[PDB]
There are 2 protein chains.
Amino acid sequence: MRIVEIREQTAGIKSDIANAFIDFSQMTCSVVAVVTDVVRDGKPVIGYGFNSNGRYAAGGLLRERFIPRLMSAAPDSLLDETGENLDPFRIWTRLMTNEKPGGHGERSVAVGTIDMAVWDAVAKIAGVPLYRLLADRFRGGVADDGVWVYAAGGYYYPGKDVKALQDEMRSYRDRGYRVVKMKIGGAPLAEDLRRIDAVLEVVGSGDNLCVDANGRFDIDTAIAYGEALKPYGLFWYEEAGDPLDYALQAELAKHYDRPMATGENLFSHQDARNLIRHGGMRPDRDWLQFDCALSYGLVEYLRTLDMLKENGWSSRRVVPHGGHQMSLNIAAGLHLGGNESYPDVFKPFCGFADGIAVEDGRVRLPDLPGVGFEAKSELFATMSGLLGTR
Amino acid sequence: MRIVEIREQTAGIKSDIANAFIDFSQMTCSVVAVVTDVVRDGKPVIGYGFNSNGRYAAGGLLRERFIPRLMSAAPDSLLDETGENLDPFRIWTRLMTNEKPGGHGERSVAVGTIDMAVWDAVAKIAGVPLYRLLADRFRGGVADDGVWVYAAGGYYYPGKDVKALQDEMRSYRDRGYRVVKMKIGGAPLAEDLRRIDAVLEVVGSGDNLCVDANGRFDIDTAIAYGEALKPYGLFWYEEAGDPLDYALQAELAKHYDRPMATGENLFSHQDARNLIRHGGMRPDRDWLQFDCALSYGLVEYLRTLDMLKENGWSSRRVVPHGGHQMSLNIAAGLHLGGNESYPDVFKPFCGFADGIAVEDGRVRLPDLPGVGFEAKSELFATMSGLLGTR
Ligand SMILES: [Cl-]
Ligand SMILES: [Cl-]
Ligand SMILES: [Cl-]
Ligand SMILES: [Cl-]
Ligand SMILES: [Cl-]
Ligand SMILES: [Cl-]
Ligand SMILES: [Mg+2]
Ligand SMILES: [Mg+2]
């Protein structure tokens, strides 16, 4: 058996939604197919992957460096010790051959996208959902019954006012989510507080509301927002300052004693480790948001999780950015704290399996092989169409 | 006046040379032309740029994200206050619009390459060498008369032995360089020590030799090499450990009191700042090697230089990676410590102006408009050919 070919294509997820840092008018993502010669249920096993919103597609990197490099390897060199499934670890090593250290951006997305497809294929060859594969290999067969999820939206948009924002959040609550997340930092403080007030009329307690500044604030603005946010008792205050300005987050923690979250824009275990060492994150109350699809994949994510354990952090503090089924499987299989979900934005690259409802903030995973792409009609149609695998 | 078009192409700089981390068998770089409608000396002013070795080309990024952004901007919005030259700062802002923070790799190379071409064009429109434009605008008209340069090579290569390494270093010294740099960490310690011994027979004092581990060592290996290197009194010990593992460098500095150098693989002012805060680098003796062509260009490099001043570091501690004329101009115009040079590797993307000799480790800059590409016959022929401007 072998990987026969790897295909890539670029998809559009463009719209005029905006956070404090960017708008999404040009936003794209990569989709990948890892085609094998293994037969399951009368058809070839093909693994699929895509990268999360916000970083754009990485098709250039995929086609110029990573796909050729992986496809020039001897095919047996990519197999596990049984000879009857792929080895994501050998594949990762091949992908990263002749890559210099540092510079963890863009190529991190290319590798993350291939890694997703590789794990999808491995689980399909094994005949199990990915969470089951991961629980069996890494957690002694113990998987979570379900995963904590929150609904992320609350973007700025032309003409969107507090009534529309309330309607949005009510629609998330009606779909089973308890906790929601909104953007802040893209309007004057008083206007953001009025937006927060409006959402709380819908969701009740601050316990049910997260806010995300998308890394836009300098220290003075981060502290000023913090002081204004304190009375609301929000579930978390996310990415106040630049994702790499570790000293800024450490100073902010001296002034804001309620939970904070960051890390979606750190794309390696090295960068994650620097956050842990230098960022003043607090293991009993803060949250880490690393996204494997943007960060060289699950093979790299396991190094990050090992580093967290060695530095006194629980995996239960990790709630990945990105809203994807790959993270959902990792959460239940490796015991993360939960997963972000997008009920509205970035269609069709959002949501989990069709027909499996979120119930008071928790969702179960389908007993279907792989990551679960085939259980999302619209997304699967879009991906197989783009990649020519119908 | 305006930018009429921006062109890009990929060049090969492939060979089987190797350092401790990678070999260069698939190495590429981007070349860019920024075509204006300004006439100087009877022809269109065209600015040129290329990115340094080691990070590969970024053609996909250039074509899919960055060039379309500039080319969709209102032409007047890219000009400076006078209306008769380009504004690299407005251009940089346009290039980075809708880019999320963190993730400083690959896109840093795309932007660095366009920025080089932009400054080349600006200096040509002003009619002066770039170092003169920079000295006048940023240093009250004071430029260095010349720049300190060292010869970087000493790569591993199949069949290459100590005799060939000696011949190499002799040829650098014969071309006017006093100090040379070689690679270490790609062979057992004893074999590297024999290589170092062989080179010192050519260059004499350790004062004339740098060694570069290309980020390959864990802390134990970094310390062990340090202990073995101490008796030689080397000019610097470069990039012992992972470029992002700041705590490792800080620990190493407790064990190795002689000069060390790092930073070529940090591609933003944020990442540079983290090295300065957390890496235990010593402003009195250590060296910083940030490369603008890989790091979103000179506009971003100015932010890094401002950060260094605020943090008690002199610009004289900065000696850029990459061997290019862009850095040569920055060095003289903004008062850096020197520039890396490549007399053998990465042809034709190496060396400075034809016909201007290095003399005991110092080189002057030509009084010619722009960065100086046209003064390098082979490089300019190659670039103009690739970009369709010949
Ligand atoms: Cl935001
Ligand atoms: Cl982040
Ligand atoms: Cl919830
Ligand atoms: Cl090396
Ligand atoms: Cl390169
Ligand atoms: Cl020299
Ligand atoms: Mg976020
Ligand atoms: Mg180096």
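First the proteins, then the strands, lettered A, B, ... as listed; each starts at 1. No hydrogens, no waters, no symmetry mates; every other heavy atom, side chains included, goes into these values.
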*Mind listing the closest non-hydrogen atom pair of B:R90 and B:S77 along with its distance?*
CD-O, 3.4 Å
*Quick one: what part of A:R277 sits under 4.5 Å from any heavy atom of chain B, side chain, backbone, both or neither?*
side chain
*Which one, B:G54, B:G215, B:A18, leads in non-hydrogen pairs under 4.5 Å with chain A?*
B:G54
*If you measure from the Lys or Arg side-chain nitrogens to the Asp or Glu carboxylate oxygens, is any gap between A:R63 and B:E64 under 4.0 Å?*
yes
*asked:* Counting only non-hydrogen atoms closer than 4.5 Å, does B:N274 touch chain A with its backbone (N, CA, C, O), its side chain (CB onward), both, or neither?
replied: side chain
_Quick check on A:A57 against chain B: is it the side chain, the backbone, both or neither that has a heavy atom closer than 4.5 Å?_
backbone
*For B:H269 and B:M307, work out which heavy atoms get closest and say how close.*
O-CE, 4.2 Å
*Show your working on salt bridge (charged side-chain N to carboxylate O under 4.0 Å, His left out) between A:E106 and B:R65 and close with a plain yes or no.*
CA-CA 12 Å; A:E106 312 291 329; B:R65 300 235 292 277; 2.9 Å; yes
*asked:* Rounded at 0.5 Å granularity, tell me how far OG1 in A:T28 sits from CG in A:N53.
replied: 11.0 Å
*ring pair (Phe, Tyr, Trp, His ring centres under 6.0 Å) pairs, two or more places apart, involving residues 6-25 of chain A*: A:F24-A:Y155, A:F24-A:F346
*Calculate, to the nearest 0.5 Å, the distance between atoms NZ and CG belonging to B:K183 and B:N214 respectively.*
4.0 Å
*With sequence neighbours excluded, residues passing ring-ring contact (aromatic ring centres under 6.0 Å, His included) with A:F66*: none
*asked:* With a 4.5 angstrom heavy-atom cut-off, is it the side chain or the backbone of A:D242 that approaches chain B, or both, or neither?
replied: side chain
*Members of residues 96-105 of chain B whose heavy atoms come closer than 4.5 Å to chain A*: B:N98, B:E99, B:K100, B:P101, B:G102, B:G103, B:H104, B:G105
_Heavy-atom pairs under 4.5 Å with chain B - which of A:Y56, A:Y246, A:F267 has more of them than the others?_
A:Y56
*Sort out for me which of A:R69, A:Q26, A:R55 touches chain B most, counting heavy-atom pairs under 4.5 Å.*
A:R55
*With a 4.5 Å heavy-atom cut-off (strictly below), which parts of residues 290-305 of chain A touch chain B? List them by number.*
none
*From B:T262 OG1 over to B:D212 CG, what is the distance, rounded to the nearest 0.5 angstrom?*
8.5 Å
*Measuring heavy-atom distances to chain B, does A:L266 have an atom under 4.5 Å in its side chain, in its backbone, in both, or in neither?*
neither
